[PDB]
Amino acid sequence: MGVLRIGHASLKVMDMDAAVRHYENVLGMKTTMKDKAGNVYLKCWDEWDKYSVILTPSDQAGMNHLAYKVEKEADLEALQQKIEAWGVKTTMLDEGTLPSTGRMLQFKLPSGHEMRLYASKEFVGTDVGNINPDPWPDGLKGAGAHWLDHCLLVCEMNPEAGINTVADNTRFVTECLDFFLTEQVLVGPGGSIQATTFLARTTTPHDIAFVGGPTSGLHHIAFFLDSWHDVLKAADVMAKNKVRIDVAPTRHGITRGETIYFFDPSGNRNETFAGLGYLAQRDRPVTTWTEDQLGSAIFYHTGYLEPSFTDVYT
Amino acid sequence: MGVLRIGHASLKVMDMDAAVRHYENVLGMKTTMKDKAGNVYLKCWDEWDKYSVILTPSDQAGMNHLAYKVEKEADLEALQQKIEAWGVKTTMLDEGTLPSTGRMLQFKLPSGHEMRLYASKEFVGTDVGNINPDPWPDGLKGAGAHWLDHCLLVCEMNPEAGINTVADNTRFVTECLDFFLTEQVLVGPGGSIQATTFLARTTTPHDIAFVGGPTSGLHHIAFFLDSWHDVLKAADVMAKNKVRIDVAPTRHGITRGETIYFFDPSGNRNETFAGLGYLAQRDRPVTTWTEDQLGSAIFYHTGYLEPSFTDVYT
Amino acid sequence: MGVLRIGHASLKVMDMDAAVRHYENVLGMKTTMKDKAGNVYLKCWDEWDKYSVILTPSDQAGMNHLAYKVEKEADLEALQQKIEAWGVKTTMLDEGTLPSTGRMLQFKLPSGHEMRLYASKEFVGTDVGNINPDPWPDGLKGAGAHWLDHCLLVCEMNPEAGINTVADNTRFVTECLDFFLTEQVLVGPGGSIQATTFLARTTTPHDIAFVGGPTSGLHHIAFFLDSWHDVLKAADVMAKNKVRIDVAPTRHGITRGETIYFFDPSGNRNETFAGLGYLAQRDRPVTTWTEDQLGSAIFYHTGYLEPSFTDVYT
Amino acid sequence: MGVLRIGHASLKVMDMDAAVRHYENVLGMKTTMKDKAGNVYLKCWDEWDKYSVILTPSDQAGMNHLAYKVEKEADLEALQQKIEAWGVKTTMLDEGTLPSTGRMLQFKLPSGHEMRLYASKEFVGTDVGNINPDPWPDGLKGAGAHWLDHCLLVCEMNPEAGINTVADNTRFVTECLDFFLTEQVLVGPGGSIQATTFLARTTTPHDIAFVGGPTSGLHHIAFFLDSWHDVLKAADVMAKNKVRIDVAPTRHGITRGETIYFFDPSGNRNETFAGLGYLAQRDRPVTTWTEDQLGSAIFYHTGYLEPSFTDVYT
């Protein structure tokens, strides 16, 4: 029972034509529907539900909400009682609040982000089918991202004021949603302060992650790639589209995943994440990264924490 | 709760010196202990428990038993009641039956194979540690296999006699151990007969798999590799050790995983399995492979079902 | 001065529609022209001359002739005098004998194959241009082969009758065309008989190669790929087109190149050759492969000389 | 006849122990000899001559000289007459001027760099041999660089003063040493000024290259890697040794080669260059890169010319 994976992310974009061009040409997604309000919904080729990305017209960038899919409809009631016992108020938007989407349990994380849980979304199938399917589909576009993999949220953190929503989010998703912690960045005196956590429901290194910041926001949403070679191909695609690259191809110390950071035409950061990294397990010890090696935990090859990583978000 | 992953596999070897040489030099495992009976225990570098391979002196090849790790000790009692309600008798070997191994729930699958469930095994840690760890360890040997990934069992099947232990094993591990079916090979009239199934507890395409055969035996145990390039490196290692290769580097249609089939110095087949393939999910539709494309489901590149795949096992 | 690289290969095909489909869909070539006689000319994306493959309607498979490009027009006269001093008669087909092709020096190798040398062919340019070009072109098809890389000729060999056209071809292209020998397979007593030679004009392991056989024929023409990953992608393409694969992805012991052997719809063998292998140099010692390791020289991963390699050619 | 490839590069290092540690542990070279003056000579595993790197104790970084190997001893006299007719004075250091090195033709390029040509250097062979050799050697260290691939020289350039040693070096190595130009960066009004040139003797995109600068110096010496995956492995090695990385893994627009820029413990820049890129040919059109796309020619993925590329050299 419970959460299966990340379901979709709703982003604010300032130019819908350019944003749809970016997520279709660079990452290889397909527009699946547009509702009466101009919101655009997109999915990756190796996803089977209707959409994993919502683009909403706005005056600014940023994230509206973040959604995770649960196994069955009855999970929402059980998780709702666990969440509300913890002290977080929930509400239940019923079927059709979003198009092709069942009812959704809605609540705010301690960091202030809106999170939704749904059990039902319209099935459309992957772009390779499920009867004698090919490993990849013909006519893939751009980077050919498999699926929306995870999301990193910037969480308000002020240790001198006693505020650490990374720690409160980590305790919330573990005790209420039964995520398990895979890796953590420990800063402060002797690593006594959680500044970055990576948690999972799948057996991948992370499906959600929290990083500390002055305010709460969206650091990036990530899309899965198979291999290091696909990261090279994805980097070539971004050059052909003059995509503004935040971080050139390298490897993360955390999760061991190979990565590229880049921006959409509204400022939202995206990531092409490559490789399984390792099989995350509930009996696996939590990988601890210390403050003296803070740069190697994020950008392993250089050991150099980019100022853009900890200063630019939406 | 319940099963986490494959725990270890106990194999029969006829030359212990040569078998240990093979699993250390070719696959890159390390011998962790040898008990008073001459049994040798080995682990991969990206595993943290004491051992994932047992080599036992024998007059023949084959598999002794297959073990899976569960999350907590209390899972064994709950799973024991589920298994025994289904009709399978179980027994409980207590701590120390195997060295550095907790108590084990022991039972036979419908196919006749002995399966064990344990919650506790001595922790030793991965070869890269858990404090600011490197992505890979220095001084890796051979193929540098990450971990024991899965096991494919040959299961007695006789449709004209009404015998299909692949179907009975599939129903058993789903209803009792809460595995979920990811892919299946359907043969017979209109694909009405399950001849090969792939089931998972992790979010990888399979942790266990059953293939039909005249008798029940071991088809292969598999070890995980990161990328297609590592399959090339692994193939070079097998050439340097004159390993007898069953199937040269290619891709599986099922799981999309890139693979090599090769034998140990006793005849047991091993596999170097590369890539995640896809994120297995309980809401994902079961990939069905039909009998007309039976060759592409196993060896995707050629569409040619090797006679060795369906004729050679131990 | 002298030969630069392989220029084109003229093949006999029995079904022109199917052969053009194969070389366009599988290898990614483009049809550039068709002459009044129905001959079809094709080029790869990373070639700049008009064509590197000629498909001629025929009752059988096989090779018509093999062409190499020289640096300048005056090279033909100088090479003609060297060839005719050696004892081989030459002729000069003038401009337009083939469409978009300058004059051609025509002669027969000792093995009986017809070889042509030309200095001029119509320039069309690569599919990425030469002003701020992309590393690869958008809309590549199939395997996306870079260029016609080399050709392996089967050469009549009968040591008990004193016939070895592999040795005579090797001495001819070295003494007359100034190729240099990179690797050789030595069989017979103590490796006293050249059964396979690899010779180069570029600094790649081979631009031409000769292998012994009962008769003289075409073993395969090869096309260059970048990496091992592209060999995986090429193998996936052959599966999607149900291409009959001769040899699944593996590595050659000679040249160190990763490879796939496959057939066109007429029986002619093709190869997708990946990697530089090494920088061939005239001061580099000739790599010698002995008869006891004959299988590893061809198919390095298995050490198993496929019967198809030495028995099937056109 | 003439130049075959780059032969060796003599570098100034300020800490010999640390420099030897770097070139052995990071790039995987082996120390082959040390002369009476403390100079250390190193070679890569896929080279067969005695050394390709000279480390000389000095108070500063920088390059002493650059050496290229010619095919035969008589080439030195012929090239000497061509060079001296052009207007450059030469001298001939005889055998043993450098240990295990034949006589050397010595002269200065128009940019002021000292270049040497030799025909004879002590043969030691590659680390895999030449009789049934493995594709790679067991016990490779670090990145496992194949060979010294090329060298990029910073050349004094002052267009308002009428000084462009990149253009004078390009004309010199073409007219005297018979290099051929593969790619060029054109700046100034309408691309009328050569600011960067890439020239070759092999059929690889470049064996020497010149880039304009305020003074003449050494930009980097490069070492060849096979694939993009090896660049990932090389980047992991630099992290394990806390190598100061200039440019993280990316692709060059010129040559299409994948690359990493990093420094030795004296400040000299090194490069791990991956891939053939393309087959350089004397009939291939020169790839022209314009000033508006100057960033994409160097760092293709970002289109962002690093300030370090054009500001840091020794």
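For reference, chains read A, B, C and D in written order, and residue numbers begin at 1 within each chain.
The rule we apply is simple: a contact is a pair of C-beta atoms (placed from the backbone, for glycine too) under 8 Å apart; a residue touches a chain by one contact, two chains touch by 3 or more.
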Identified repeat of the B-C interface (over half of residue pairs identical), from A-D, C-D or A-C: A-D
Pair with more cross-chain C-beta pairs in contact, given A-B and A-D: A-B
Same-site or different-site touching of chain B by its copy chain D, using the half cut: same
Fitting chain A to chain C on CA atoms, where both chains share a sequence, rotation angle to nearest 5 degrees: 180
Far-end chain from chain B, centres as C-alpha averages: D
Chain B and chain D: spacing of chain centres that average the CA atoms, whole Å: 49
Distance between chain centroids, defined by C-alpha means - chain A, chain B (Å): 32
Distance between chain centroids, defined by C-alpha means - chain A, chain D (Å): 43
Residue numbers of chain B (touch at least two other chains): 135, 227-229, 236, 239, 251, 296, 300
Every chain pair in contact, whichever chains are involved: A-B, A-C, A-D, B-C, B-D, C-D
Residues of chain A defined as touching chain B within the complex: 4-5, 46, 48, 69, 71, 123, 125, 130-133, 135, 146-147, 202-204, 224, 226-229, 251, 253, 256, 275-276, 278-279, 281-290, 293, 296-297, 300
Residues on chain C engaged by chain A in the complex (per definition of touch): 134-136, 138, 227, 229, 236, 239-240
Contacting residues of chain C [partner chain B, same complex]: 228-229, 232, 235-236, 238-239, 242, 245, 247-251, 258, 296, 299-304
